[PDB]
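> A single structure is presented below for examination.
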Amino acid sequence: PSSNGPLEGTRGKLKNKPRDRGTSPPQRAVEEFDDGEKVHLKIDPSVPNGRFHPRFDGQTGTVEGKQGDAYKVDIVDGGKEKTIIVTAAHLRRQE
Amino acid sequence: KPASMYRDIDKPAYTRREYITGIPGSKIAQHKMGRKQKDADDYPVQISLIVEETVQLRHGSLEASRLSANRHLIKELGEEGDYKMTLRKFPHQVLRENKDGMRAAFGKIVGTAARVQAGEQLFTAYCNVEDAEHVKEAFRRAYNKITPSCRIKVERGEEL
Amino acid sequence: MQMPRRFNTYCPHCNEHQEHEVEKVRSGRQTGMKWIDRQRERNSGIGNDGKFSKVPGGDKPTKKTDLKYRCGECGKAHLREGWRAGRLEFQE
Amino acid sequence: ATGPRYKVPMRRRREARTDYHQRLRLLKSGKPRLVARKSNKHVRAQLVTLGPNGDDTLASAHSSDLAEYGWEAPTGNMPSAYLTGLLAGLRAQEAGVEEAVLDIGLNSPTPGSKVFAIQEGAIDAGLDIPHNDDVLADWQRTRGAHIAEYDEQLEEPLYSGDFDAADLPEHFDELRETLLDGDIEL
Amino acid sequence: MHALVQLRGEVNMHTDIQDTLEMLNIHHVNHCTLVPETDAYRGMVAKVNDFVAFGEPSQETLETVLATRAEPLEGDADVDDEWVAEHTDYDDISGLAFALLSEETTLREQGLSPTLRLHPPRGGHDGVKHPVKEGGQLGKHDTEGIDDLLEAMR
RNA sequence: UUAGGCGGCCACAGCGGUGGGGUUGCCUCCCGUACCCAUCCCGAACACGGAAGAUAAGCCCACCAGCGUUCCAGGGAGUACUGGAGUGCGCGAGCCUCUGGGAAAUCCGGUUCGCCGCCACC
RNA sequence: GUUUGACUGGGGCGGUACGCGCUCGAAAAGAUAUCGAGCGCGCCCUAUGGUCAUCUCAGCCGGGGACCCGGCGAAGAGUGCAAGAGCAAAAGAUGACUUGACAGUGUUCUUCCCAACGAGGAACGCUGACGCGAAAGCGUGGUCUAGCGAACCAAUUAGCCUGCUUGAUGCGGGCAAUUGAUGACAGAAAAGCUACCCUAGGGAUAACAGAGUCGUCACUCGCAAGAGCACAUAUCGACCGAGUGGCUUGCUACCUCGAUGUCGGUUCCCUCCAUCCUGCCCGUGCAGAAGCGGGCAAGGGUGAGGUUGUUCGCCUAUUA
RNA sequence: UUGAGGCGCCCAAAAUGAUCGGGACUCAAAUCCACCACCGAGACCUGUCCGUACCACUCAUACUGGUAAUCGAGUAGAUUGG
RNA sequence: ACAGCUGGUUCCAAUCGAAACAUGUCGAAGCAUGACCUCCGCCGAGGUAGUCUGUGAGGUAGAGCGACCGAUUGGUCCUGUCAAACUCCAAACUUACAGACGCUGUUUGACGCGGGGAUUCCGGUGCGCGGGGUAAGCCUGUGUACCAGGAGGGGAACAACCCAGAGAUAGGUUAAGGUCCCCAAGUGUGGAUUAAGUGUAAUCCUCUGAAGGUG
Ligand SMILES: [Cl-]
Ligand SMILES: [Cl-]
Ligand SMILES: [Cl-]
Ligand SMILES: [Cl-]
Ligand SMILES: [Cl-]
Ligand SMILES: [Cl-]
Ligand SMILES: [K+]
Ligand SMILES: [Mg+2]
Ligand SMILES: [Mg+2]
Ligand SMILES: [Mg+2]
Ligand SMILES: [Mg+2]
Ligand SMILES: [Mg+2]
Ligand SMILES: [Mg+2]
Ligand SMILES: [Mg+2]
Ligand SMILES: [Mg+2]
Ligand SMILES: [Mg+2]
Ligand SMILES: [Mg+2]
Ligand SMILES: [Mg+2]
Ligand SMILES: [Mg+2]
Ligand SMILES: [Mg+2]
Ligand SMILES: [Mg+2]
Ligand SMILES: [Mg+2]
Ligand SMILES: [Mg+2]
Ligand SMILES: [Mg+2]
Ligand SMILES: [Mg+2]
Ligand SMILES: [Mg+2]
Ligand SMILES: [Mg+2]
Ligand SMILES: [Mg+2]
Ligand SMILES: [Mg+2]
Ligand SMILES: [Mg+2]
Ligand SMILES: [Mg+2]
Ligand code: NA
Ligand code: NA
Ligand code: NA
Ligand code: NA
Ligand code: NA
Ligand code: NA
Ligand code: NA
Ligand code: NA
Ligand code: NA
Ligand code: NA
Ligand code: NA
Ligand code: NA
Ligand code: NA
Ligand code: NA
Ligand code: NA
Ligand code: NA
Ligand code: NA
Ligand code: NA
Ligand code: NA
Ligand code: NA
Ligand code: NA
Ligand code: NA
Ligand code: NA
Ligand SMILES: [Sr+2]
Ligand SMILES: [Sr+2]
Ligand SMILES: [Sr+2]
Ligand SMILES: [Sr+2]
Ligand SMILES: [Sr+2]
Ligand SMILES: [Sr+2]
Ligand SMILES: [Sr+2]
Ligand SMILES: [Sr+2]
Ligand SMILES: [Sr+2]
Ligand SMILES: [Sr+2]
Ligand SMILES: [Sr+2]
Ligand SMILES: [Sr+2]
Ligand SMILES: [Sr+2]
Ligand SMILES: [Sr+2]
Ligand SMILES: [Sr+2]
Ligand SMILES: [Sr+2]
Ligand SMILES: [Sr+2]
Ligand SMILES: [Sr+2]
Ligand SMILES: [Sr+2]
Ligand SMILES: [Sr+2]
Ligand SMILES: [Sr+2]
Ligand SMILES: [Sr+2]
Ligand SMILES: [Sr+2]
Ligand SMILES: [Sr+2]
Ligand SMILES: [Sr+2]
Ligand SMILES: [Sr+2]
Ligand SMILES: [Sr+2]
C-alpha cells in the first residue's frame, strides 16, 4: 500500500451497486439481537455511522452485549480475539 | 528499434490516456481504403488476412504492411478500382523505453502497438471474382511486414 | 479563523453553563529563583556546560491555540485543548 | 426506468406516503408508534409496534366507529380528533400497551392541530407519550368553541343535515364522560 | 466403495494433499485404504487424484487382498477365515468383504488396521507421470483395471 | 380492503398505454377562511371548517410488453477463464492431455405491468 | 575536543520512495516490495460547526447566458482541499435559532492484519451541564479516510499536598491539565579537505578482467517502394519485418578485494572467415583493355614510412 | 485444380581438437502409434537386532511381556544420559 | 584501550528442531520487541491440517461498454477498435462461522495459559501469478515446495529437475530411469514415416534456430 489509512483499497467493499444506491431501509437498522447470537459483519455503504474497520468485513462474530445502541461483537482475527463495536445496520443474522 | 523489444504481450494493458502523456501520433494514414462509399455486402468475394500467433504489432509495421498492400491494389486495379480494404485493428497499447541505469527504470513513452490475438482478422478486403488473385498477392506482401505467420482465408469464395 | 470574544459554555467550577470570555494567554515573567535557575548557576563552570550550553530550537509552521476561558459569574478560568490556527482574531 | 443504473425509490417513497428518514428516528425509541392520520371527512389513530413481516397494529380507532357510542356530528374536526385519540388509547390500555411515541407522518407539526389533539386524547386515556403542553390546543378549541362561535356569525347555518342550530360542544363533554366510564363495550 | 493406493511419494507434494492422505489413514507409498463413496469422501479423493490410484474392487480381489495384507489393529496376526470369525461380526473373509463393498462397516470398526500395506506391483505399473486414459496408473480405474493393480500388489 | 391506515422485500414493483368504478358508505378531487395555524407575495401549500357538485385527475379494479427489469428454456458453450497433475508438444511466445469447477456478450422463445404482513371496514 | 545522519541497482551529484492520505500495482477475504504509475497532506472555516424549519439540484425544452412561469430530469449539481467513496421529503439549498468545536471518565478498534510496541486518530458509551425540536431524536466539530510531536525546562488554569526542632513571612518542591519543537517527524545541540595519509573489513559494493544480456555495435536474411534514359533485381536500394555474432558500448553485480599487475607497443606461437591479394567460377549497364557485383575457397601473402603515448585515425611512396 | 496433415530440406558465419556421455547406429540403436518381456533405489514387502516413545508388572528410570500403518534425515539452537 | 569488523573456541550419545520475516532504532555488517525453535509448571475436554453442505464476504481471470467512463474508425441509422488507475456482467478461487465425515486428544493431556533458554532479522531455486527492465545466471513482490540444514536412485559431470525423505543387518519386489556395446536388462513384437547422421538433447545461462521458402 502507498498509505496505511483505514480506507486503503476499499473502493470495492465500501461502495454500492447502482441499484442499491441511496438511503437504506430502517427495518435492519433497528433489528434487535440477543447475546450469544452469531451475526454477519458487512458494512452498509449508505449508512455512515456505526461502522467498523473494513478489514473485518466478512467476519461472523458472536454478540456478547451492547454499548449504548451499538453492539459489542466478539470475533477472532486470525488467532487474536477482538471485540467490535458495531450498530445493527451493518449486521445480519446467521442461518 | 527492433520489434523484439515490443512484440510480446508480457506487459500489462497500458492504454489509459488520462494517466499517460506525450504519446506519439499513429503513423497510420487511413483504415478505410478503396471505395469507402460502397458496402461490404456488395461484393461476392471477402478475403481476410488472419494472424496465427498472439502478438503486438507497432503502428509503423501496421502502416508498412498496409502501405505495401494497398499500393499493390492501386497498381493492379487502379486508384478507383472496385475494391475496399479495411484495417480493423487500432494501436491502443502504449510503448515505453528506458533511455541512469536501472534506477528509476520506468521508461518514457516512445510509441503505440496493437494487441492482436491468434486467429484474429488484421485485414479484410472485399473484391470481385476477377480481382481475387490480386488481393491474395496484396496480403502476401502485407504479411511480410508484420511479426507473425499468417493465413489468407477466403470467406465468400465458392468461385474456384 | 475568527472567534467570538464572549459565548455560552460549560464552567467546570460552577457545574453549569455560563457566558465565558476568551483571552490569549499572556506569558508570565520569570523569577529566576526556580530550581532550574539554581542548577544553571551551580553546574556551570570551565568549558562546555552540557545542557546549559544549548540554544532554543526552531518553530512549527503553525502554532496551536493558547486560550483562557474566563467565566462570567464566578470569575474563575479554565483551560482547553488547543487547535492549529495560523491567525486567531476576535469578534467584538 | 431508463436503464440498469437507474435507482427506483422504495415503494412507499414513490407513493409519497412514508418519510423513511423520520421513521428511523421514530423507531429508535423502542416504544410503539401512535400513528395519527387525518382524512378530509375522517381521522384515524393507530397503535403500531414493529413486526417480522411488517408493522403490527394492536389497537386503533377511526372517527366512523365513534358514532357507535353516540356521536351525531361531523367526523373531520378538532372535537372528533381528541375523541378518536381517546378511543385509541383506551383500546390500547386493554391490549397491554402502556407507552407510545407520536408519528404524525407527513402532516405538519402545527401548534394546536388535529394530530396533536389525537395525542392529547391518548395521554388522557392513560398512555405515556413524550409531549409538550404548549404545542397542544387550549381546552376550549379541543371542545369545539371555535366552531360554535362561527355559527354565531349565523345568517345561514354551518351544518346542512339536522344535528342542531347553534351547535353543541356539550356533546364532546358528554362523550368524553361516556368513554371515561369504567363499564363501556370497547 | 473405492480402494485408494498411494503411488507417489511425499517429497515436493503439497502439504494439504499430504494431510488428506494422512486423514485417509494412508502414510506411505503402496499403502491401501478402503474409502466409501460419499460427497465428503469424493472431495478428498479428487484432491488426491494425481498421487493415487483408485476404483472399485471386485469381491474376488478384495478377498485376495484382505487375506494377504490385512492386519489387526495391533499385532502380527494373520487375517484368515478363523481370525475373522473370532473377532469380527461376520463368518469368513467373504462376509467381511461383502460388508466393506456394500459400505455397511469399516476396517477400523472391526478392529482391523485401516491400511492394507501392499507389495510393489509385480511386473511394475503403467507409470506415475500419466493418468489411466493416457496409459499411466494415476487416477480413476476400471473395476477390471484396479484388480490388475491390486492383484499385482498381492 | 365497493376505493382505507401502517408496513416488509425495495423495478418481478420502473417508463408508457387501454378499459372500468362510486346517493346519506370509503378515498379523493371539491367548497370555503371566524377561528389554531399559514405564506421573506399569494387559505397555492401548510392549517382549520364543511358537503353544493364530480368519478375528469389521483386512488382502487381489469388488461397490454413497446422500453427498463427478474427468472427460466434452448443456442452461444462445457466455448472464455481456471484449482490439481504431467520426462506431453513447441526455438520461443505459447500450447496440449488428464482431473475438479465453469462464465460473459448476443440470438430465439417464455416470465415479469408486484408479492407478502398487521389493522380496520357490507 | 568533536560533529559533519540515513536511504541509494557501489559511492557522489540529483532525488526523499525519511511522518502522513487516496487510486492502481495487489493475483475478487487479510497481508504484500521496488529511485513502481497517477497525485496529494503539514491547513482552512464562529461557520464552512450544531439543531430545526422550508425546500430540490445539474442539463435540456417551451413562454415572456440576468430574473419570471411551466414541463422533462435518481443525481450528471452541490458537499472547503488529492483521490476513491457516501448523500435527494438529504449529508445538498435557503432561512432562523444555537455554541456539543462543552467538562469529567471510559469501553473498543486503529496506529502495529496475523502478533508485541508510544504519540496520534476513530467508533461507541456513561457522568455533568447544555442547544435545537412537538417529539422520537440529533449535537463527543466539518459526510468518510491526510492536516502531526516524548522526557527535561518554562509559562499558563483551579484546588490541594509539602520544605530537615518550632511559629511567622519570603522563595521553593509536588499531584492534574493547556501551550512552547524536535519534518532525520518513536526526538543528538553539530561543517569540510587529505594525492601526506592510517586501521578494521568487504568481492555483503565500484574501477580492471571474466561471466550473463544484446538495447548499442557488426554482419546477414525476408518483402521489394524506388532509380538505374525503358527496364526492382548489371548496379544502388528505403520502409517494415526475421535473425547470426559476442569485436564496441551499455546494463547486471554471479567470481576474485589475507591482490588473477595497467593502456599502447614489442617479441613469438596457434586460430576464425563475415576473403584485401592469389586459384577456380557466375552475372554485367560483359567489344577489347580497365572494371563493377556475386560464388567456392583460410594454402600462402597482407609489407616500409611522417605527426600522435595512443588503439583508432590522418598523410606519403611503393604493392598482386 | 485446390484444401489439410506427417517427417525432412533451404534459410544456417567463429576463433587450441568434431561430437548424442563416447562407440557407433539407417525396414534403426531415429520418429510416431500400439503392444510383450525384462533390468533397475536405502522406496515397498519380509526375518533378526538397536534406539526412542507409550502400556502391563515394579521402589526401579532394575527385569519381563506388549504396542508404533499412524517412531527413527537435520545446520543454528533448547533439553538430557554418559 | 575500545570495535556493531576478520579469525579461532578442544570428549561421546538421545529428543525436539528453526529464522533468513514484522514494528521501532544516527537503523540498515548492530540491537530491541514480535513471528518462529526449545524447555518447565499449570489447566482439563475438546481440537480442526482435508472434504461436503449451510449461512456470509469479494470484483482478479474472462467478458462487455445505446451500462457509466475515457480512449479510438469511416460513410450516406449503418460501419471499425480498446482500458492497471472503466464496469450492465462475472468465474475458477481465497476467506468468516457452523454442522457432518474424516483425523486427533482425554495414562502419549490435545486446545490453551504462565514462566526459563535461545537461535534468527545477507537467503537461494523450481512452479504458478505477478510489477519494473531490450534483456539478464537482472531488480522487486506473492503463494507453494525445495536447497540452505536432505542421504540414497536417475540425469555424463552438477544445492534446489525426476524417484525418494533415511536406525543396523539380511532376503525380495518395484520407482524414476533404462534393456546394441561401454553397462544390469531386448540387437523384443505388430505397423508406418524419415535419407537429413534429420535424430539418438524431458526441464536448462546450459538442450537454439526465426521470418520467409520447399513437384
Ligand atoms: Cl473496528
Ligand atoms: Cl491563541
Ligand atoms: Cl394523514
Ligand atoms: Cl551412554
Ligand atoms: Cl522427512
Ligand atoms: Cl555420423
Ligand atoms: K582482485
Ligand atoms: Mg480492486
Ligand atoms: Mg499395527
Ligand atoms: Mg522386474
Ligand atoms: Mg514408468
Ligand atoms: Mg374513470
Ligand atoms: Mg521446450
Ligand atoms: Mg573523547
Ligand atoms: Mg550509505
Ligand atoms: Mg512509523
Ligand atoms: Mg486484498
Ligand atoms: Mg531537551
Ligand atoms: Mg506558556
Ligand atoms: Mg523514524
Ligand atoms: Mg584498508
Ligand atoms: Mg559480488
Ligand atoms: Mg562464405
Ligand atoms: Mg591458415
Ligand atoms: Mg616507426
Ligand atoms: Mg553431541
Ligand atoms: Mg543415547
Ligand atoms: Mg480482463
Ligand atoms: Mg545456512
Ligand atoms: Mg548388458
Ligand atoms: Mg544434431
Ligand atoms: Na441502500
Ligand atoms: Na543517477
Ligand atoms: Na556545588
Ligand atoms: Na430579502
Ligand atoms: Na376517479
Ligand atoms: Na548527525
Ligand atoms: Na492510543
Ligand atoms: Na594523517
Ligand atoms: Na544474438
Ligand atoms: Na560486454
Ligand atoms: Na601490452
Ligand atoms: Na587463405
Ligand atoms: Na602512425
Ligand atoms: Na544440532
Ligand atoms: Na570503538
Ligand atoms: Na534493520
Ligand atoms: Na553495525
Ligand atoms: Na489470465
Ligand atoms: Na467434528
Ligand atoms: Na532479511
Ligand atoms: Na525439507
Ligand atoms: Na549423479
Ligand atoms: Na549426428
Ligand atoms: Sr514480465
Ligand atoms: Sr511475418
Ligand atoms: Sr559546581
Ligand atoms: Sr562557561
Ligand atoms: Sr519551520
Ligand atoms: Sr380553497
Ligand atoms: Sr525467436
Ligand atoms: Sr456441472
Ligand atoms: Sr575530523
Ligand atoms: Sr553507477
Ligand atoms: Sr459525522
Ligand atoms: Sr527553619
Ligand atoms: Sr562546503
Ligand atoms: Sr599534487
Ligand atoms: Sr579473387
Ligand atoms: Sr620516426
Ligand atoms: Sr580500445
Ligand atoms: Sr582521433
Ligand atoms: Sr563457410
Ligand atoms: Sr536415527
Ligand atoms: Sr533424529
Ligand atoms: Sr488473494
Ligand atoms: Sr529391435
Ligand atoms: Sr518397426
Ligand atoms: Sr556457461
Ligand atoms: Sr529448447
Ligand atoms: Sr517455416
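Identifiers in this document derive from the order of the C-alpha cells: chains are assigned A, B, ..., residues are numbered from 1 separately in each chain, and ligands are numbered from 1 in order of occurrence.
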Can you list, as a list in words, every protein, DNA or RNA residue that comes within 9 Å of residue 75 (chain D) when you count only C-alpha atoms (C1' of nucleotides), leaving out same-chain residues fewer than 4 positions away?
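The filter keeps residues 40, 41, 42, 43, 63, 64, 66, 71, 79, 80 and 81 of chain D.
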> Can you pull out the residues contacting residue 55 (chain F)? Cut-off 12 Å, using only C-alpha atoms (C1' of nucleotides), and skip same-chain residues under 2 positions away; I want them as a list in words.
residues 3, 20, 21, 22, 27, 28, 29, 30, 53, 57, 58 and 59 of chain F
> I need the residues in chain E that are strand (DSSP E or B) according to DSSP; give them as an NGL selection string.
:E and (2-6 or 31-35 or 52-54 or 72 or 112 or 116-117 or 131 or 138-140)
> Would you write out those residues with N, CA and C atoms, as a PDB file, in the first residue's frame?

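For reference, part.pdb as written:
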```
ATOM      1  N   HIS E   2     -14.470 -47.421  -2.881  1.00  0.00           N
ATOM      2  CA  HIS E   2     -13.267 -47.381  -3.698  1.00  0.00           C
ATOM      3  C   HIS E   2     -12.045 -47.774  -2.874  1.00  0.00           C
ATOM      4  N   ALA E   3     -11.034 -48.295  -3.559  1.00  0.00           N
ATOM      5  CA  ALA E   3      -9.785 -48.696  -2.932  1.00  0.00           C
ATOM      6  C   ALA E   3      -8.684 -47.714  -3.371  1.00  0.00           C
ATOM      7  N   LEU E   4      -8.125 -46.948  -2.425  1.00  0.00           N
ATOM      8  CA  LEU E   4      -7.058 -45.977  -2.733  1.00  0.00           C
ATOM      9  C   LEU E   4      -5.670 -46.539  -2.538  1.00  0.00           C
ATOM     10  N   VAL E   5      -4.768 -46.278  -3.483  1.00  0.00           N
ATOM     11  CA  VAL E   5      -3.386 -46.732  -3.364  1.00  0.00           C
ATOM     12  C   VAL E   5      -2.446 -45.576  -3.689  1.00  0.00           C
ATOM     13  N   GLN E   6      -1.648 -45.147  -2.704  1.00  0.00           N
ATOM     14  CA  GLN E   6      -0.677 -44.063  -2.901  1.00  0.00           C
ATOM     15  C   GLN E   6       0.438 -44.617  -3.750  1.00  0.00           C
ATOM     16  N   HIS E  31       0.579 -48.121   0.046  1.00  0.00           N
ATOM     17  CA  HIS E  31      -0.394 -48.383   1.099  1.00  0.00           C
ATOM     18  C   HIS E  31      -1.807 -48.253   0.541  1.00  0.00           C
ATOM     19  N   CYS E  32      -2.741 -49.042   1.066  1.00  0.00           N
ATOM     20  CA  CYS E  32      -4.114 -49.050   0.568  1.00  0.00           C
ATOM     21  C   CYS E  32      -5.200 -48.964   1.615  1.00  0.00           C
ATOM     22  N   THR E  33      -6.181 -48.111   1.339  1.00  0.00           N
ATOM     23  CA  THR E  33      -7.314 -47.911   2.226  1.00  0.00           C
ATOM     24  C   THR E  33      -8.606 -48.113   1.450  1.00  0.00           C
ATOM     25  N   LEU E  34      -9.656 -48.461   2.196  1.00  0.00           N
ATOM     26  CA  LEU E  34     -10.989 -48.707   1.652  1.00  0.00           C
ATOM     27  C   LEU E  34     -11.905 -47.552   2.035  1.00  0.00           C
ATOM     28  N   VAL E  35     -12.051 -46.642   1.082  1.00  0.00           N
ATOM     29  CA  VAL E  35     -12.823 -45.426   1.231  1.00  0.00           C
ATOM     30  C   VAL E  35     -14.230 -45.531   0.632  1.00  0.00           C
ATOM     31  N   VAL E  52      -2.465 -40.822  -6.503  1.00  0.00           N
ATOM     32  CA  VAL E  52      -3.094 -42.055  -6.093  1.00  0.00           C
ATOM     33  C   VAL E  52      -3.602 -42.911  -7.260  1.00  0.00           C
ATOM     34  N   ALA E  53      -4.209 -44.043  -6.913  1.00  0.00           N
ATOM     35  CA  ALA E  53      -4.805 -44.971  -7.867  1.00  0.00           C
ATOM     36  C   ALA E  53      -6.051 -45.486  -7.170  1.00  0.00           C
ATOM     37  N   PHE E  54      -7.214 -45.189  -7.742  1.00  0.00           N
ATOM     38  CA  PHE E  54      -8.467 -45.638  -7.162  1.00  0.00           C
ATOM     39  C   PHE E  54      -9.430 -46.278  -8.131  1.00  0.00           C
ATOM     40  N   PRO E  72      -4.445 -56.812  12.101  1.00  0.00           N
ATOM     41  CA  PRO E  72      -5.350 -56.416  13.192  1.00  0.00           C
ATOM     42  C   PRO E  72      -5.011 -54.971  13.549  1.00  0.00           C
ATOM     43  N   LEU E 112      -9.562 -53.900  12.759  1.00  0.00           N
ATOM     44  CA  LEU E 112      -8.507 -54.132  11.769  1.00  0.00           C
ATOM     45  C   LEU E 112      -7.881 -52.782  11.441  1.00  0.00           C
ATOM     46  N   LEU E 116      -4.040 -51.455   4.269  1.00  0.00           N
ATOM     47  CA  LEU E 116      -3.634 -52.732   3.716  1.00  0.00           C
ATOM     48  C   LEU E 116      -2.299 -52.358   3.053  1.00  0.00           C
ATOM     49  N   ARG E 117      -1.203 -52.648   3.754  1.00  0.00           N
ATOM     50  CA  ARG E 117       0.148 -52.342   3.277  1.00  0.00           C
ATOM     51  C   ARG E 117       0.594 -53.310   2.181  1.00  0.00           C
ATOM     52  N   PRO E 131      -2.082 -40.288 -16.396  1.00  0.00           N
ATOM     53  CA  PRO E 131      -3.285 -40.944 -15.860  1.00  0.00           C
ATOM     54  C   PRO E 131      -3.614 -42.247 -16.616  1.00  0.00           C
ATOM     55  N   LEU E 138      -2.239 -43.443 -12.731  1.00  0.00           N
ATOM     56  CA  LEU E 138      -2.790 -42.442 -11.803  1.00  0.00           C
ATOM     57  C   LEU E 138      -4.267 -42.173 -12.016  1.00  0.00           C
ATOM     58  N   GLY E 139      -4.975 -41.868 -10.935  1.00  0.00           N
ATOM     59  CA  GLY E 139      -6.395 -41.557 -11.037  1.00  0.00           C
ATOM     60  C   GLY E 139      -7.398 -42.695 -10.960  1.00  0.00           C
ATOM     61  N   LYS E 140      -8.580 -42.472 -11.543  1.00  0.00           N
ATOM     62  CA  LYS E 140      -9.678 -43.445 -11.551  1.00  0.00           C
ATOM     63  C   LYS E 140      -9.428 -44.604 -12.494  1.00  0.00           C
TER      64      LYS E 140
END
```
> Let me have all residues with an atom within 9 Å of ligand 63, counting only C-alpha atoms (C1' of nucleotides) and all ligand atoms, laid out as a PDB file with N, CA and C atoms (P, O5', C5', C4', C3', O3' and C1' of nucleotides), in the first residue's frame.

```pdb
ATOM      1  P     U G   2      38.352  13.810  21.075  1.00  0.00           P
ATOM      2  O5'   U G   2      36.875  14.276  20.716  1.00  0.00           O
ATOM      3  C5'   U G   2      36.291  14.018  19.438  1.00  0.00           C
ATOM      4  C4'   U G   2      35.020  14.812  19.295  1.00  0.00           C
ATOM      5  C3'   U G   2      34.245  14.604  18.008  1.00  0.00           C
ATOM      6  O3'   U G   2      33.442  13.432  18.119  1.00  0.00           O
ATOM      7  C1'   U G   2      34.414  16.915  18.464  1.00  0.00           C
ATOM      8  P     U G   3      32.966  12.651  16.798  1.00  0.00           P
ATOM      9  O5'   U G   3      31.859  13.600  16.169  1.00  0.00           O
ATOM     10  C5'   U G   3      30.602  13.807  16.823  1.00  0.00           C
ATOM     11  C4'   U G   3      29.823  14.864  16.093  1.00  0.00           C
ATOM     12  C3'   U G   3      29.608  14.568  14.622  1.00  0.00           C
ATOM     13  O3'   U G   3      28.449  13.771  14.481  1.00  0.00           O
ATOM     14  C1'   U G   3      30.438  16.764  14.868  1.00  0.00           C
ATOM     15  P     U G   4      28.244  12.868  13.171  1.00  0.00           P
ATOM     16  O5'   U G   4      28.367  13.906  11.973  1.00  0.00           O
ATOM     17  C5'   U G   4      27.329  14.865  11.755  1.00  0.00           C
ATOM     18  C4'   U G   4      27.703  15.811  10.652  1.00  0.00           C
ATOM     19  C3'   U G   4      28.085  15.196   9.326  1.00  0.00           C
ATOM     20  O3'   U G   4      26.910  14.859   8.619  1.00  0.00           O
ATOM     21  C1'   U G   4      29.598  16.929   9.860  1.00  0.00           C
ATOM     22  P     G G 192      28.996  19.150   5.161  1.00  0.00           P
ATOM     23  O5'   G G 192      30.416  19.708   4.703  1.00  0.00           O
ATOM     24  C5'   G G 192      31.521  18.838   4.416  1.00  0.00           C
ATOM     25  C4'   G G 192      32.731  19.664   4.069  1.00  0.00           C
ATOM     26  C3'   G G 192      33.956  18.902   3.620  1.00  0.00           C
ATOM     27  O3'   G G 192      33.872  18.570   2.252  1.00  0.00           O
ATOM     28  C1'   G G 192      34.608  20.493   5.217  1.00  0.00           C
TER      29        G G 192
END
```
> Just how far from CA of residue 7 (chain C) is CA of residue 27 (chain C), in Å to one decimal?
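Between CA of residue 27 (chain C) and CA of residue 7 (chain C) the gap is 24.0 Å.
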> Only residues of chain G matter here; which ones have an atom within 7 Å of chain C, counting only C-alpha atoms (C1' of nucleotides)? Give them as number ranges by chain.
G: 45-46, 99, 102-103, 128-130, 155-157, 172, 178-179, 181, 189
> Could you tell me how far CA of residue 46 (chain D) sits from CA of residue 128 (chain D), in Å to one decimal place?
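Taking CA of residue 128 (chain D) as the start and CA of residue 46 (chain D) as the end point, the length is 15.0 Å.
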> Give as a PDB file with C-alpha atoms (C1' of nucleotides), in the first residue's frame the residues surrounding ligand 25 up to a distance of 12 Å, considering only C-alpha atoms (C1' of nucleotides) and all ligand atoms.

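To be explicit, this is the file written out as selection.pdb:
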```
ATOM      1  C1'   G G 265      53.912  -1.009 -28.217  1.00  0.00           C
ATOM      2  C1'   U G 266      57.205  -5.051 -28.911  1.00  0.00           C
ATOM      3  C1'   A G 304      58.111   0.394 -45.400  1.00  0.00           C
ATOM      4  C1'   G G 305      57.286   5.080 -43.564  1.00  0.00           C
ATOM      5  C1'   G G 306      55.772  11.175 -41.475  1.00  0.00           C
ATOM      6  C1'   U G 307      52.576  13.656 -36.901  1.00  0.00           C
ATOM      7  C1'   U G 308      50.432  11.375 -32.314  1.00  0.00           C
TER       8        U G 308
END
```
> Neighbours of ligand 13 within 10 Å, counting only C-alpha atoms (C1' of nucleotides) and all ligand atoms, as number ranges by chain?
F: 89-92; I: 202-204, 207
> Distance limit 8 Å, atoms considered: only C-alpha atoms (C1' of nucleotides). Which chain I residues sit that close to chain B? Return them as a PDB file with C-alpha atoms (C1' of nucleotides), in the first residue's frame.

```
ATOM      1  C1'   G I  70     -12.315   7.665 -21.313  1.00  0.00           C
ATOM      2  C1'   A I  71      -9.777   6.328 -25.399  1.00  0.00           C
ATOM      3  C1'   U I  72     -10.479   5.032 -30.528  1.00  0.00           C
ATOM      4  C1'   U I  73     -12.666   4.268 -37.480  1.00  0.00           C
ATOM      5  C1'   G I  74     -15.350   5.644 -41.988  1.00  0.00           C
ATOM      6  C1'   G I  75     -19.978   6.609 -44.766  1.00  0.00           C
ATOM      7  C1'   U I  76     -24.509   8.434 -46.709  1.00  0.00           C
ATOM      8  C1'   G I  80     -14.194  -0.162 -37.425  1.00  0.00           C
ATOM      9  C1'   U I  81     -11.378  -0.966 -32.352  1.00  0.00           C
ATOM     10  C1'   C I  82      -9.870  -0.543 -26.769  1.00  0.00           C
ATOM     11  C1'   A I  83      -8.802   0.001 -20.839  1.00  0.00           C
ATOM     12  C1'   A I  84      -3.529  -1.332 -14.263  1.00  0.00           C
ATOM     13  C1'   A I  85      -5.638   3.576 -12.117  1.00  0.00           C
ATOM     14  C1'   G I 132       9.824  -2.998 -13.496  1.00  0.00           C
ATOM     15  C1'   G I 133      13.551  -3.709 -17.495  1.00  0.00           C
ATOM     16  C1'   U I 134      15.639  -4.741 -24.839  1.00  0.00           C
ATOM     17  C1'   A I 211      10.669 -14.540 -40.648  1.00  0.00           C
ATOM     18  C1'   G I 212      10.376 -16.449 -45.180  1.00  0.00           C
TER      19        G I 212
END
```
> To one decimal place, how far is CA of residue 74 (chain A) from CA of residue 43 (chain A) in Å?
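That distance, rounded to one decimal, is 16.2 Å.
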> Pick out the residues no farther than 12 Å from ligand 53, counting only C-alpha atoms (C1' of nucleotides) and all ligand atoms, and list them as a ChimeraX atom specification.
/I:152-158
> So that I have them on file, write out the residues from the current selection with C-alpha atoms (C1' of nucleotides), as a PDB file, in the first residue's frame.

```pdb
ATOM      1  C1'   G I 152      20.111 -42.862  -1.427  1.00  0.00           C
ATOM      2  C1'   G I 153      18.434 -43.869  -7.068  1.00  0.00           C
ATOM      3  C1'   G I 154      18.355 -41.409 -12.077  1.00  0.00           C
ATOM      4  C1'   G I 155      20.103 -37.124 -15.064  1.00  0.00           C
ATOM      5  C1'   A I 156      27.748 -37.951 -18.487  1.00  0.00           C
ATOM      6  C1'   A I 157      29.617 -34.446 -14.555  1.00  0.00           C
ATOM      7  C1'   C I 158      26.025 -30.559 -11.462  1.00  0.00           C
TER       8        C I 158
END
```
> Grab me every residue within 9 Å of ligand 18, counting only C-alpha atoms (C1' of nucleotides) and all ligand atoms, and send it over as a list in words.
residues 51 and 54 of chain C; 151, 152, 153, 182 and 187 of chain G
> When the cut-off is 10 Å and we count only C-alpha atoms (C1' of nucleotides), which residues of chain I are near chain E, given as a list in words?
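Close enough to count are residues 49, 50, 51, 52, 53, 100, 101, 102, 103, 104, 144, 145, 146, 162, 163, 164, 165, 173, 174, 175 and 176 of chain I.
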> Would you kindly return, as a list in words, each protein, DNA or RNA residue with an atom no farther than 8 Å from any atom of region 61-69 of chain F, considering only C-alpha atoms (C1' of nucleotides) and excluding same-chain residues fewer than 3 positions away?
residues 1, 2, 3 and 4 of chain D; 11, 12, 14, 15, 17, 18, 19, 20, 21 and 113 of chain F
